[PDB]
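Asks: There's a structure below that I have some questions on.
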Amino acid sequence: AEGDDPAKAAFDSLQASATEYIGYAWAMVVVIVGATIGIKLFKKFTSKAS
Amino acid sequence: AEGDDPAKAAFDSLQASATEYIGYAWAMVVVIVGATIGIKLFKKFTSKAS
Amino acid sequence: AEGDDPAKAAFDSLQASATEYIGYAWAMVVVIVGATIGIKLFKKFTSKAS
Amino acid sequence: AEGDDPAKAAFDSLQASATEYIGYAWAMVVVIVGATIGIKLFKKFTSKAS
Amino acid sequence: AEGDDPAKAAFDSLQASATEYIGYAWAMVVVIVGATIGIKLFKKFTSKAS
Amino acid sequence: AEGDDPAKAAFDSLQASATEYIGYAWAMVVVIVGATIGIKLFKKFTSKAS
Amino acid sequence: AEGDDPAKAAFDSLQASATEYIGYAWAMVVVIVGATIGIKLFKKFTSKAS
Amino acid sequence: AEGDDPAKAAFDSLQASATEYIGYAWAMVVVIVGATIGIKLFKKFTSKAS
Amino acid sequence: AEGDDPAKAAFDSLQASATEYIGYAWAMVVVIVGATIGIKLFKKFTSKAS
Amino acid sequence: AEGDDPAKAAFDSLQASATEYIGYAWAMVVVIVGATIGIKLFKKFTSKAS
Amino acid sequence: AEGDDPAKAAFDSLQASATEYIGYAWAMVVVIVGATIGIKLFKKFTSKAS
Amino acid sequence: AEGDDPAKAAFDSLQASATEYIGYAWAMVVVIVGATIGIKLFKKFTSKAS
Amino acid sequence: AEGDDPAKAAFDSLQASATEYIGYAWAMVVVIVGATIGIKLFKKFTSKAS
Amino acid sequence: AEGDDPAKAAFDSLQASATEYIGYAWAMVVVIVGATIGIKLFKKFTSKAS
Amino acid sequence: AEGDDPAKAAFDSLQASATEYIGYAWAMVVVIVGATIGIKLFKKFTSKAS
């Protein structure tokens, strides 16, 4: 009880920290995919011209 | 929820971007086809003369 | 039982999230294909003229 | 005998739990593949038009 | 058995979905070809006149 | 011997399961190709008319 | 000598067991590849028609 | 040796299967070309008349 | 908090770095596509002449 | 030295095995290409007739 | 910063390299098209004579 | 304090060492990608010619 | 310092090795493309004759 | 050095092999084009008669 | 000094052993790639014919 309470809180802290890092992963990939959709659209135009 | 929201928006952004690139493809081909109709009309005149 | 329940729900959440992202993929491609049908129709006209 | 019995049962419990999580994996992928068949069919139409 | 059943059904669903998209491809092309027969018939008349 | 027997059988089960999924892949593609032969035949008619 | 003999034999047993599992892997993949050759042949026909 | 033998045979099976699918491709095209020779002969008559 | 702060910043740095590399990908492809439009236009002229 | 010798030989065995599988790949494709040359020749005749 | 600088430059190098290869593609096609205009002009003379 | 100081410095040393190895990774890949852009440009020319 | 020096050099060695293999890739493709330009030129002649 | 030497040679072997296959492609097409020139010459005679 | 000397030598032995195994990996892949260049050349011929 008394000893694990500082620890549980320490864990809530760590988990939220983790959520933070995770929000950043989602965004990172938002960029990466935004890149892929656009670049693949350029290849699509190549086709219309062909 | 919280982490995927920046990502969903990032995606709306990417999709609209894509629409942009696509509007440009349509126009590009407008030019290409405008070219083909006109040039084929010249061949048509060749025929009337023949 | 008790520990995996928050987890099962967490998973239902993730799966539905995934369905969301998937609905967006279908639409994205709706746009891409809508583009291809139209642009290929322009090439079709090129042919009628030819 | 006496000490491992609560444990064997605990294990049957865990294994069934695992089957549960596994049924969910199959479904998750059902969705993912359902997505791939449909989206690849759209590319197929692109071809018929081409 | 138990885990793959939701999945098999999920697949039947996807396949039928696919048949749907396919019926649409056939029709799309019905239009495209209907276009080609008619337009080529116009060129045929051009010939009779010539 | 004794421990791997439930496992070997479990594997025969899995493999047969796999054959099932595979029979479905063959059919799926039967549909996809049936689509391609027919649609390409429509393009063939376009040619006869041309 | 005396203590490791039951063990060496136990190991020969395990290794042969392993060969068994391995023969099954080869076959499993025989099926998977048999699938790929055939399915890719269907795509080949698609091409001849095209 | 022992594990790859079921596999080699599995492969001979797959290859022969493939030959089957291939014989069908040849025939399919026999039909398609038979179509083209005949239809182009009709255009030939058009010319004799012209 | 204190230990992950140098790390978060390190990540912002990395992400921006990534945006840089990405801007370069877009341009690279600008060149590649610019190439395809122009070269396909040359084939278009071939047609007008034909 | 003594322990790796059974292993080196085991490897020579595996590599030769691999050469076997590879000879089969070459042949498989011999068939596939033989198919493509012939089928494309049929399309060539279509042209002579046209 | 420090590690990606040799890399950015390496990329500028690669891109310029690419421009080089691209200038060569344009020329290659200059030749190919120069060929088509001239050869199609010969067919044009055939017509004047006819 | 006194014992960990030689160690902290030892670590700064190791980290910088690591940066070194990392700068080399970036360059290595600069080469690999430079290779891919150029080689893919050659395939691009193949297309213009086609 | 002392332990990583044999290693850095070992790496320079490996990288140069890699450049070697890469020069060979460029050439390999030189051949492949040389093949494509020439073979596509033969198809070009087919056209002039047509 | 020592390990990549058997490999470099193995590659020279493969490349030369490739040249072989390539010489065969050139010839194959020699036949195909020889076919097209001759067959198109027959159509030319058709014209002289017309 | 005295105890680690048999060990250092034992290590030189092991490392050289390792070089041996490594030379074999290079060759193994020589075969695998030799396979890929040749097989991809066959696909190249398919194209020339097409």
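Labeling convention for the structure tokens: chains A, B, ... as they appear, residues from 1 per chain, ligands from 1 in order of appearance.
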Compile the contact shell of stretch 21-31 of chain C as a list in words: residues with an atom at most 9 Å away, counting only C-alpha atoms, same-chain residues fewer than 5 positions apart removed.

Replies: residues 8, 11, 15, 18, 19 and 22 of chain B; 16 and 36 of chain C; 31, 32, 35, 38, 39, 42 and 43 of chain D

Asks: I want to know what sits within 9 Å of residue J:45, based on only C-alpha atoms, with residues of the same chain fewer than 4 positions away left out; could you give that as a ChimeraX atom specification?

Replies: /H:33,37 /J:40-41,49-50

Asks: Calculate how many Å separate atom CA of residue A:17 from atom CA of residue I:9, rounding to one decimal.

Replies: 14.1 Å

Asks: Rounded to one decimal in Å, what is the spacing between atom CA of residue D:10 and atom CA of residue F:10?

Replies: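 Rounded to one decimal, the two atoms are 21.8 Å apart.
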
Asks: With the cut-off set at 12 Å and counting only C-alpha atoms, tabulate each residue of chain I with an atom at most that distance from an atom of chain C, showing the nearest atom pair and its distance in Å to one decimal, ordered by chain and increasing number, as CSV.

Replies:
residue,atom,partner,partner_atom,distance
I:44,CA,C:46,CA,11.4
I:47,CA,C:50,CA,10.1
I:48,CA,C:50,CA,9.9
I:50,CA,C:50,CA,10.7

Asks: Dump N, CA, C and O atoms for the selected residues as a compact mmCIF listing (two decimals), in the first residue's frame?

Replies:
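What ended up in again-v1.txt:
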# COMPACT_ATOMS: atom_id res chain seq x y z
N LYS I 44 3.39 12.31 -78.72
CA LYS I 44 2.10 12.90 -79.20
C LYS I 44 2.24 13.53 -80.58
O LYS I 44 1.37 13.37 -81.44
N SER I 47 2.34 11.18 -83.37
CA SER I 47 0.97 10.81 -83.75
C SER I 47 0.35 11.83 -84.69
O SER I 47 -0.37 11.47 -85.63
N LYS I 48 0.61 13.09 -84.45
CA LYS I 48 -0.05 14.07 -85.30
C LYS I 48 0.47 13.94 -86.73
O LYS I 48 -0.27 14.09 -87.69
N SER I 50 1.62 11.20 -88.00
CA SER I 50 1.13 9.89 -88.51
C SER I 50 -0.31 9.99 -89.03
O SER I 50 -0.60 9.72 -90.21
